[PDB]
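Reading through the structure tokens given below for one structure.
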Amino acid sequence: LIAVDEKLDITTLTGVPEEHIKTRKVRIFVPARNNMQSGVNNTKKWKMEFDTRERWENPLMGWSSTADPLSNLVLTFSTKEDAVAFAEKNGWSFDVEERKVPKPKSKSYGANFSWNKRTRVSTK
Amino acid sequence: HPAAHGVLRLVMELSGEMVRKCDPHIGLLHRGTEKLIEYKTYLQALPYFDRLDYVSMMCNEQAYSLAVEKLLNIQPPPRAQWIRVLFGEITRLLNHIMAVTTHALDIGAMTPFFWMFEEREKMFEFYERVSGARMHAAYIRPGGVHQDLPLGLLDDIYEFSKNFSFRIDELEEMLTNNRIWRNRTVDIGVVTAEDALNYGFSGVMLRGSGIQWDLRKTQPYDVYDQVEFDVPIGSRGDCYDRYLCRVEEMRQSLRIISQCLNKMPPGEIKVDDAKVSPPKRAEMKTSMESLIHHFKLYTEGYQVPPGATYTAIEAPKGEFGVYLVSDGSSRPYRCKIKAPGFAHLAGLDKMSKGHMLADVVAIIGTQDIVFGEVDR
Amino acid sequence: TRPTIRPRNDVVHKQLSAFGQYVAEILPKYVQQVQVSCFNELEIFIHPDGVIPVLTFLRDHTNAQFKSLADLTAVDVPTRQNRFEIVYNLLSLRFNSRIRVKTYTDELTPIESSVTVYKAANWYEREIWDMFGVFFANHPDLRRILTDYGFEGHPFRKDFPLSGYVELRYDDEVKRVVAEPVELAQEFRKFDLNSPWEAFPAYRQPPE
Amino acid sequence: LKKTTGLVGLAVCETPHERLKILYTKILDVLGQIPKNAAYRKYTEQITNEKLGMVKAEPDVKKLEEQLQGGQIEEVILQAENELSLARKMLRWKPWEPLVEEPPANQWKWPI
Amino acid sequence: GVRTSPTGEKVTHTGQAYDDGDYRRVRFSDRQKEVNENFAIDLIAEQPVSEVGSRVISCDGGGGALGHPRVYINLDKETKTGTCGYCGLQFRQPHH
Amino acid sequence: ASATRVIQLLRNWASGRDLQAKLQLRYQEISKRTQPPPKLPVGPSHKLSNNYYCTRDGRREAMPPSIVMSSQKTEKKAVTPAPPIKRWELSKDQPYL
Amino acid sequence: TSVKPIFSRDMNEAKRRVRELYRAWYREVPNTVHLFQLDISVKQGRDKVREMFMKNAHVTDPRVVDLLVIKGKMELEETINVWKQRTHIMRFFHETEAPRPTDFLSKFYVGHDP
Amino acid sequence: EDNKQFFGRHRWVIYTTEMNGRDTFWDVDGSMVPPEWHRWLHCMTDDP
Amino acid sequence: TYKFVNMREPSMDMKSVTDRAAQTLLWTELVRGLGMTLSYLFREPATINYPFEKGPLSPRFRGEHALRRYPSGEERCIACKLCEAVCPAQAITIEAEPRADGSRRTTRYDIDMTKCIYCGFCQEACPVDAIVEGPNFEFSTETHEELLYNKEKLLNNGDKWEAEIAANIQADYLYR
Amino acid sequence: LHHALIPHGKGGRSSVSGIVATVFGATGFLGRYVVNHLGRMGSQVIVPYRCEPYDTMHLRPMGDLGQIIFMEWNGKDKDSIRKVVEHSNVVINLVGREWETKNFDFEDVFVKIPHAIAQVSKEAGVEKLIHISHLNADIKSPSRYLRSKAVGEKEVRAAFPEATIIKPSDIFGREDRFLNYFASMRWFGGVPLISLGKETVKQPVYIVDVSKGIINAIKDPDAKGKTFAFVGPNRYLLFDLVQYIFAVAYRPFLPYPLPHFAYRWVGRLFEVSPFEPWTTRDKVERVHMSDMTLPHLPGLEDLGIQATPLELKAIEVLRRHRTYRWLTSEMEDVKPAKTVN
């Protein structure tokens, strides 16, 4: 076994083009809960995604064109540290967003019928 | 090249016409099927399995369906299983006709190609009647089969199966005892049993080498434990013995087809679980639960419990396997496809040792490689 | 009865568990874990440098005659330190059984080639190298098998785009096929399908 | 006595009992060089003594193949040779030692 | 009910018509523009309004399992007809 | 089929079989292209009672694999992955071709 | 830490392997130009070999250098065996790609790319 | 129609010599058949 | 059970040896193969007289696509995008908006017939039987652009093929 | 700008360059190169053709779906000219022939057709016109070809005052006449040269440089009403140039003098061909004529193009003319010819 003290760097081995290594900033984040639903199962894992590039309209058929290979590329990580290590070894720039969790709340059904407080509801 | 099946680049070193080495170059039909399957859902990835070995299509579909059902922990109904076995044997007949006649065409005979391809045309008519597609049916699905048989299909399959042994007999009249065919095929591409096992051969390769192994008998799936058939075993381990094994497998497939026709049961054809298999159109247009489940199944799909499985079946070309990895989502995390012809083509160089150019053509034919499944 | 539920085989489950304990006892140096999935599949997780000893044992031992290599593949999990997971599927004809052996590695760590144990490992490891970038140490002929000549990158890695980076066309000025950066007339439309509600409680992870 | 084994490249052995006795004795001799507490040694010694006792008690070849349940006597001889080679390699590898190294914290966690 | 743009180009049922200065009209030169003549909006307006003497009616589009999912329409608002929104069919209660 | 008696005899003699018994061209022996309407069955879960999905839920009975042994965590007889495969019996229908 | 060495235990052995591969690639350019019937000069081929070697000059990991020389050897053997075609050899030169602007003002005029 | 012929050859069409505005005396397509006779000719039904 | 495909040994009686010697010197099996080919020569060919004769097809056949209408003439498609979701090949492009009468109707409905794999999932997933895969299979073109259908082309296909499409759906809708 | 003419993309096959160009004479040498460059950058190209559509098939792969459009036109038909230039903002004129057929003369192909194209384009509202002339376009030239070029250049300038008139010297490429005309003379024994080719100086230009300059003239906003001269870097005597051509082709070069009247008679003999003639009297005159020097006119450097020397691209054209003995010889195996600079 040999001892080498370097930061891991595999950009020369991944085969990505230089522009797509150097001009790309990924976003490491936990997805925000879709406000149209009350489920919280899509807010468990961290995601890594790239910055949006240009999309234009095809002259024929009017479809949506692109020239960005990394437009649909989304990676799933279990931890912020794992995502950051992956981004660092692949050489991309990255912006990390701290996870937002709902704060604990005090819910009381009996509060709907307060004798002197404004929490008394006018209808059920 | 006519004998290269279209997308094989065989870089050969020849001393005169003697082959010094075979260096197969594949990837000329590599598409990225596994990456695409990662991007699709479980229903959307089924035609990919239709198009891998495009001669045993319902067989590839059946392997994929068995894998997904194993991970889902469900069970197809008996009528669905019997339809699956019947069409797997029909598909085996299609594949063996193709293999034997294309092998003979590479050797130099063409009339058996034409006769047995008329038979292939009739079996294509059966495929088109059940599915609407002549070859890429997408009929066998996780949970059973897509639709039920029309009301004359069993009678027509009976007529075909009744008249097919004579076609096999006529094919054998031109090749089996022909001295030119025997000179071309006898003691060509001999492979020992230990070498076959180490190189990873499966199916008629092993059985020509003399190994008594068949997945339909040893590790049965669907209703293969309720049918009677024999497993042909070769002795010399060469092209002639593998040809005999394939012809006798055609006859045993006729046996299994007769038993399936007689033992076809009544009932539904897909699992009665609307969270996995779609409801009927009338129920969808009448029931709220059925409409919801139709919507969700055809937009998102069903979630498969996390886990990895390797399921193999005895496809006409050998053991065809799927290693499927699910992460609990509606899209497969990983899907490795193990094609029988990959290992056989890997072993082509050893088999063609000490032979000539025409012998190498014969050895390619006896290995019976489809590069759709070799490359994926 | 339960017509729509797959029946289980506790006898085979017990046999596989017993053999897993057997192997784990015989090879303490390398075997890290043994599992039996509930559809009766035995899985042995070993240290990456016990590949040759464990495979040779599973091939040559009298009570484990796994003479056939059904498959050899890898799985890419970017969230792990050792992202690549090498999977060996073995078949025992003598005992009519199948086993799985799992190993881990990363980009820069080689795995010993098993062509000295199974001959199918040759093309299987060539494909693993070509598609994932895993290097196999003592391989007779390690080169690309499926990708185009001069293709850069390993397409089966999770961080590789689906359509790649370059595409081919014929250029009349130079009278040859050329490679130019990829550019799609209609971009692949990425669908978000996952439901925000939990499907299987039995696999629920601790909140941590 | 039999014309063929039915397997390509596997030849009929004229003296199966003597060859099996030689191979099993050699296997047991190689196993004596392995540590006594090794789980490998106890198991394969047990099965070798079990097989060696049958070859010394049944002089009929068909009955011996029936008792061994190893297929054919040539397959049994080939498997004995494979076991001997494995015993030598295991003596070289020494797999009875404690675990080389534990995996990272979450190396087998799934799904993830 | 097809209509013609000021440039002579037919207007589709979605209102599509290339501008006068749009270069993309060159593709139709020495060729034609594919336009379907029947307009579904016009045909469904031509359909008459059915009158039924119940507060709630059901429409499946006709044909049963060959139509659309069966839906129920509430005919209580007297200032408008209840429209089946799968097939665009109008229903009403007998007034006066 | 439509053939002269001479031609049929010559065909039979040349091939050594009775071709008229097994013909490869289909003459009115196949099913009609128009069939009566079907009425397919429903299935086992189409009852109005005693039919709760939790009692017939295959996917929810899937479990994570059982950990037989983990490093992290008498004379035993040696075992095998399964009982040895039985020797195959030669076919009674036609043992040899 | 104590990582497994693939081929080289130190950066000097990796440099030695790089030099050997450079000699091999340098001595094969005349044969490649002759066999593939390329219209480029031998000097152009050697300049391309140097340029391809020199874009990895920032690497300081012996394992990455070992992998780079392994891949270079593989693509040298693809050229020698004429497995590659003239298409790939000329793909090394990008003779059909338009000159991409590199200054801020030109990029600003062309479009939205950074 | 001729039911005495084998299946596939028991129904056939003689194309017109002038369809729409094309002189179809020699150049005859398989797409000249209107859909109802298309169904009858391809044998999706037994009723003309 | 199993059987041996080649495990028989020839009889060594003088009659059998002479018969084999005659077969070697007088090419008996070769003449037998000649007889088989001659028998096929005097059989009837299996060739149909295309394009005047067509091969058999079924109501389930999947050919060219079509967008259907209700008997009133109203389009069946309600722009629900289930076909776009289920399409394996991503060959359908759909864009919708409220119509002038407030209907949920499509403004764009494209199918790339060079991307379509003719699998029939779109007509399984359609809840209103709008998109169907009709019986037409002879629609080869001379340019690539002619194979990129749009809403006008698909509605024209439905109007042209509606009779046969209706008949096939009537014949096969009880199996669905 | 119209919203559909705004550039979008990265200048690739599936991008939008905002160029709608009608390329007359695209079914030829310079035409195929110009169409390739336009479609490569991702433009809309209209190809008017009078030939059999089979001869336009090599232009089909040059652009993405719908970007190449083929329309049938007649040279003497202003209605067809309007039909093809109606929707385009660039019109490129590459129509010309090196011989006179029964129906079209040098006056027809070089004066009448260019004037009609320029006049119809101005009526139709076409923003840019590019017109290809010849470098030696002299009204007093011995060659009827070049006299027609001069007259047509004047007519085009009058009809479309905002034109870009480009004057290439002698384009050489794979499908050219120049190098193939000189290299195909090996069949007729020796090489006949007027004054032994010692009184002729030529600087040929490369086809890719010509097409790149044509493309850059479209994109240049300050080349609207201008005249350019497209010439190569090096001037050669005709004897040295032909000797180098034969050296690169590895053919035995046996030049002999031929008097001008005899060469004219030979050229008259070859122009009775109903098909494409091998050589003509005007071709002989143009070959003998030295290339003019026009230092006042702008050039490839002014359009941003570095002219490619003949010594770098001659082996592309002349390797086809080698024998099997010499096919594999490399580019640097032949010493460059002496230049006259």
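Just so it is clear, A, B, C, D, E, F, G, H, I and J label the chains in written order, and each chain counts residues from 1 on its own.
Here, contacts are C-beta pairs under 8 Å (C-beta built on N, C-alpha and C of every residue); 3 or more make two chains touch, one makes a residue touch a chain.
For reference, the UniProt names are A = NADH dehydrogenase [ubiquinone] iron-sulfur protein 4, mitochondrial; B = NADH dehydrogenase [ubiquinone] iron-sulfur protein 2, mitochondrial; C = NADH dehydrogenase [ubiquinone] iron-sulfur protein 3, mitochondrial; E = NADH dehydrogenase [ubiquinone] iron-sulfur protein 6, mitochondrial; F = NADH dehydrogenase [ubiquinone] 1 alpha subcomplex subunit 7; G = NADH dehydrogenase [ubiquinone] 1 alpha subcomplex subunit 6; I = NADH dehydrogenase [ubiquinone] iron-sulfur protein 8, mitochondrial.
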*asked:* In terms of touching chains, how many steps apart are chain C and chain D, taking the shortest path?
replied: 1
*Across the interfaces I-J and A-G, which one involves more C-beta pairs in contact?*
A-G
*What is the distance in Å between the mean C-alpha positions of chain G and chain I?*
49
*How many angstrom lie between the CA centroids of chain E and chain F, rounded to a whole number?*
50
*Quick one: chain A and chain I, Cα centre-to-centre, how many Å?*
44
*Out of chain F, which residues touch more than one other chain, so two or more?*
1-2, 15, 24-26, 30, 32-33, 38, 40, 44-45, 56, 58-59, 61-62, 64-65, 71, 76, 78, 84-85, 88, 91, 93-94, 97
*Mind pulling the residue numbers of chain I that touch at least two other chains?*
1-7, 32, 36, 44, 46, 56-58, 61, 85, 93, 108, 127, 145, 148, 150, 173, 175
_If a residue has to touch 2 or more other chains to count, which residues of chain D qualify?_
43-44, 47, 70-71, 99, 102, 106, 111-112
*Spell out the part of chain C that touches chain B in their complex, as residue ranges.*
3-7, 37, 39, 41, 67-71, 73, 75, 87, 89, 93, 96, 98, 100, 118-120, 122-123, 144-148, 155-156, 162, 193-195, 199-200, 202-203
*Where on chain G does chain C make contact in their complex?*
3-4, 6, 61, 63-64, 67, 70, 74-75, 77-78, 83-88, 90-92, 95-97
*Quick one: which bits of chain C touch chain A in the complex? Just the residue numbers, please.*
78-81, 107-108, 133, 152-154, 157-159, 161-165, 181-188, 190, 194-198, 205
_With touch defined as at the start, can you tell me which chain I residues reach chain J in the complex?_
144-145, 148
*Any idea which chain J residues touch chain G in the complex?*
7-11, 40-41, 313, 315-316, 319, 327-328, 330-332
